[PDB]
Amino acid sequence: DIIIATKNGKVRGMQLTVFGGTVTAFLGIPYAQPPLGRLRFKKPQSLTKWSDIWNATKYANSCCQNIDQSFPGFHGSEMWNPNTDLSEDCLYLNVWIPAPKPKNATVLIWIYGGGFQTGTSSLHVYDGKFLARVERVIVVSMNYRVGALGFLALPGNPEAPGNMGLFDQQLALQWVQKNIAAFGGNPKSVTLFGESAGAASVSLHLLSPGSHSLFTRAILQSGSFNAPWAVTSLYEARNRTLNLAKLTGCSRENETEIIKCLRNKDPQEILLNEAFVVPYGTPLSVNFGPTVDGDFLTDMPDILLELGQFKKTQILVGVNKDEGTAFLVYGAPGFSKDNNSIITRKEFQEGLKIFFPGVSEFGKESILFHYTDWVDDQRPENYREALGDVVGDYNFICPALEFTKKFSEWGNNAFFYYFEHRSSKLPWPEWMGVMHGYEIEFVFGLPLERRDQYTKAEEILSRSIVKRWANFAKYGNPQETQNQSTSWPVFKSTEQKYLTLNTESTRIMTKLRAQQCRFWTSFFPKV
């Protein structure tokens, strides 16, 4: 029996067998008052003490969210859907600790992605038991509110101030500061890591003064706040809040009366209408996302980044080779996971209208001009590959590179990776390459399990990535010092060195996507 005394009461965990040893898991510890009734849309409220033993032996409810129904029965998409009951009562977190209990272990806190509209910490690819067993770190993950229930915004109005899901994340960081020492963790050695909207979340904790004292270092996988999908303008948020009110019959003049009307709606009615507040949105529209609320976020974050207003610490940032391809089969014409998706010029132009709905004709022509200067005008995959690169460079790679440059210009060590390994088990077709989200299982050490049908080269790759991530968290330096490994240089704004991650040979390269990102970062914001 493993019972830990936390500040709010005792929790009981369970023993897990991992690789011939033991990991202790505490799954589903509450860290806030359930945000129900009058607490819906508010900031998370502090948890009141209990006196029995809370049984932390199963993953808790996932927060309410809409579900991907595009590929029923298909593992490639269903692996991202929630795998526990949906409930507004979802503010829980998980703790994996090594056995025997560590003395002063470094702590890794995972923040999942999902566009701020979906996600849950209980997904199989976020299972922290391998990291705790192999590297003897403590792993923490939390559920935070998503969609309108997490990010509905009436700026300055505490009934729905915005950024509630980010404050959920923050209160869980605070829980770790106050309680992790009882589990054998070091609250002075805490590394946030996350992917996609989780990585954008990590980048916003770097900018939020209220999070400054709650962590040490940060890892950003395939995301950052300056990505075009990651922050909702106050103009959009207000129009989207009022649109949700109209769709649900909750339009009033007293804005507080709107929120009170929205508080009497079943979660399902909110979710169903959430999806329609943005009329001409992109696929996978970030309907309700982070805003400049004057609380969590004190100014437009691009200004904060440019003028050096962020936590001074080390960062690890990276992207995958084919970030853009997954999104093509959620709306681009002519695309399908079940054929090779050779598209025409006309289909490409149609795809740009899908992914750039608010943009002028000239802006879309400029994308076409920069991505259709072919080396060989006859390759039939030209337009298919160009559209994936357009979407991946615009939405992920160029914002990640720009974040890393601007962050490093203020003197801190930054490390950039380019993940280019395609999982041997990938259920998606080959044309989609190295997809958004498919480095996560390597970071969490799933290929270390020899039973799981990964190759030997993938076991070794995951083993090296796990060690580099653990060494970054413990020591601020993502090296693998023992196996004659390529040394990972610091990313500087001048030479812009990065490390490629693959099964063949890791290489030091410079100036990833230099020509493309000059287009997206310097020219396209003007259109």
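Between two forms, the rigid core is the largest collection of C-alphas that superpose within 1.5 Å. So that there is no doubt, residue numbering starts at 1 and follows the sequence shown.
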In 9 other deposited structures of this protein, with the rigid core superposed, the stretch whose C-alphas stray more from the shown form, 167-175 or 280-288, is 280-288
Judged by RMS Cα deviation after a rigid core fit in 9 other deposited structures of this protein, the more variable of 271-279 and 191-199 is 271-279
Please report whether at least a third of the other compared entries leave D377 without coordinates.
yes
Between 451-459 and 289-297, name whichever shows the higher mean Cα B factor according to the PDB entry.
451-459
Can you tell me which stretch has the higher mean Cα B-factor, 353-361 or 323-331?
353-361
Out of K405, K311, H436, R238, which one has a C-alpha B factor higher than all the others in the entry?
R238
When you compare the CA B-factors of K467, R38, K474, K497 as listed in the entry, which one comes out on top?
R38
Consider only the C-alpha atoms of the modelled residues in this chain, order them by B-factor as the entry records it, and name the third containing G318: lowest, middle or highest.
lowest
Lowest, middle or highest third of the chain for the C-alpha temperature factor of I29?
middle
Could you place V277 in the lowest, middle or highest third of its chain by Cα temperature factor, using the values in the record?
highest
Would you mind checking where the Cα B-factor of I67 ranks among the modelled residues of its chain, as the lowest, middle or highest third?
middle
For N413, does the deposited CA B-factor place it in the lowest, middle or highest third of the chain?
middle
